[PDB]
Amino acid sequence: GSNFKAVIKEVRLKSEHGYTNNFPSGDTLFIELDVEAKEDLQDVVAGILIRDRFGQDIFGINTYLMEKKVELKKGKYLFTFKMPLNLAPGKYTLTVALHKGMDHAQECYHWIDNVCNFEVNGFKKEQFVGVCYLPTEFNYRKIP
């Protein structure tokens, strides 16, 4: 798998208030990845994958799907992902990867399964049931 022509040196989870692995549902999650390219690299893809305790994919995406071109010159980089964490309360794992190609069939630079364990606790927005939260609006009107 990993050939380490690029390496993920460290992964940090952050809220808008500071570094933490504990988030209320709906809070903004920043994923910071310290990356070092040992050589020049073209067509680099970075991917994240959030899974639950039973290995089920909760949400995964990479920069090929987001349409984001990444080119690395030999040296150091900070990669950042940002997303509202609209998930049910629970315990989750984060997997990260640097590869080539949409489904890493072309080349594998560095894959780290379950690099971070984090958890969602409580609700930042409305309380809700189910695996995820959809921002919802409501109105009603009397009709003659």
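In this text, residue numbers run from 1 along the sequence as written.
Higher mean CA temperature factor, per the PDB entry, when comparing 83-91 with 51-59: 51-59. Averaged over Cα atoms, the B-factor as recorded in the entry is higher for 38-46 than for the other of 38-46 and 74-82. Ranked within its chain, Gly18 lands in the highest third, by CA B factor from the PDB record. The deposited CA B-factor of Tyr64 belongs to the lowest third of values across its chain. Compared with the other modelled residues of the chain, the Cα B-factor recorded for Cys108 ranks in the highest third. Among all modelled residues in this chain, the alpha-carbon of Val115 has a temperature factor (C-alpha) in the highest third.
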